[PDB]
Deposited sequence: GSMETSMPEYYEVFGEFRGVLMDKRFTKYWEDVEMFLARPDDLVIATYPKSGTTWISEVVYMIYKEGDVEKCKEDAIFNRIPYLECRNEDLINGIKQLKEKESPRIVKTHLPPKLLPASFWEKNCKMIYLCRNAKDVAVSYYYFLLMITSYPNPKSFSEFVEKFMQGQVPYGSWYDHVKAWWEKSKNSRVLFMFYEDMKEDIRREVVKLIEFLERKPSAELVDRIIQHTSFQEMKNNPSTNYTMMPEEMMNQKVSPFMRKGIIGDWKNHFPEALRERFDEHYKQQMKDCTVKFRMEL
C-alpha cells in the first residue's frame, strides 16, 4: 500500500527505507571542499550532474561517480558509505529540503547548486517515475497523482515549500540557483555561468565539448547516464524509460482543462510572496 511504503518524517513524506537509519545522515561529516547538487525530484538532476562532472575533469555509472547522499536499501545500497570512501573533491547529490540537509554542510560553508523546473512539467515526469519504480504503487490515474502533488503527499513532500526554502538560502553568494528551462533555451550561457561559479576559465573548447556531450540525444544513448546500469528488477524502463522526452510543455498532453485551471489557481495562492523568476 502507498502508506506502507511512505511515511511522514518531520513534516515531509519519505520512503521509509531512507529514514530507517536517519542517524547516519544527520551526523554526516562534511569537508570544506564538498560540492552539493540539490533538486526536487525530476527537475534535471542527471543533466546538470554530468555538466559539473565534466567541468571538474576539464564509464562508471553516474550514481557511482556522484553518490546519492540519503539513498539507502539495507546493506545493498548505501550512499553515506560510498561518500566516506570517496576521495576529495567530492560531488554530493541530494533531494532534501534545507531543514533536513546535514547541518555540517552549512557549518563548513560548502558551495551548493540548486536546480528547479516548472511545476506542471515536474508533475508529468514524476508520474511516470512512479510507474518505473517497481516497489512504488502505480497511481490509479494522472489526475489522482496531481491531487496528491498539490497536497505535498508524494515522496520528498511539497514542491512549493522545497523551492521557496532553497530560494531563500540562495541569498548566499555560495549557493547558486538555476532553472531547467534556461538550460533548454540558452545552454551556452548557463554552462559559462557554472564554470565561473566553480572558479575556472571558460574556454570555447571546454564549453563546446560539454554542450556536445550533454545533449538529450547523447545522454539517452550513454549507458553511464541513462540508468541501464541499474537492474530492471528495481527500475523497469520497459514500462517507462529514464530519458523520456526531455522537452518543455508536456503538461499540455496530460492535464485536462478543468484540472489545469485548478492547479494554476492553487499555484498562485502558494507562490504569492515568492520572488523567484521562472521563464515565460
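S.K.: Hey, which stretches of the deposited sequence didn't make it into the model?
M.R.: The deposited sequence has unmodelled segments at 1 to 8, 67 to 73, 296 to 297.
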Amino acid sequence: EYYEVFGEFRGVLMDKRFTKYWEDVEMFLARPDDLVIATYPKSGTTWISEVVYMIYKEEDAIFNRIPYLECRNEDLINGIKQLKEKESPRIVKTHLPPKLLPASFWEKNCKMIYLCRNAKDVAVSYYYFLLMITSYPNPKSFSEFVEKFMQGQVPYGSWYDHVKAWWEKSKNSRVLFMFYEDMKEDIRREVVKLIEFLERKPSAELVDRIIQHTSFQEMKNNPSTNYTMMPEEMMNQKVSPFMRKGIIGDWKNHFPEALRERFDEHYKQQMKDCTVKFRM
From here on, numbers count along this sequence of modelled residues.
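S.K.: On average, which has the higher Cα B-factor in the deposited entry, 81 to 89 or 174 to 182?
M.R.: It is 81 to 89 that shows the higher mean C-alpha B-factor.
S.K.: On average, which has the higher Cα B-factor in the deposited entry, 106 to 114 or 155 to 163?
M.R.: The stretch with the larger average C-alpha B-factor is 106 to 114.
S.K.: Would you mind checking which of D34, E26, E50, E59 has the top Cα temperature factor in the PDB entry?
M.R.: Answer for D34, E26, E50, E59: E59, with the highest C-alpha B-factor.
S.K.: Hey, out of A30, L69, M229, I248, whose CA B-factor is highest in the deposited coordinates?
M.R.: If I rank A30, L69, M229, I248 by C-alpha B-factor, first place goes to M229.
S.K.: Sorting the chain's modelled residues by C-alpha B-factor, tell me whether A123 ends up in the lowest, middle or highest third.
M.R.: Within its chain, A123 is a lowest-third residue by C-alpha B-factor, going by the deposited values.
S.K.: Would the CA B-factor of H266 place it in the lowest, middle or highest third of its chain?
M.R.: Highest third.
S.K.: Taking the chain's C-alpha temperature factors as the reference, tell me which third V5 falls into: lowest, middle or highest.
M.R.: As the PDB entry reports it, the C-alpha B-factor of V5 lands in the lowest third of its chain.
S.K.: Could you place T134 in the lowest, middle or highest third of its chain by Cα temperature factor, using the values in the record?
M.R.: For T134, whose C-alpha B-factor we compare with every modelled residue in the chain, the answer is the middle third.
S.K.: Using the B-factor values recorded in the entry, state whether the Cα atom of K220 falls in the lowest, middle or highest third among the modelled residues of its chain.
M.R.: Its C-alpha B-factor belongs to the highest third of this chain's values.
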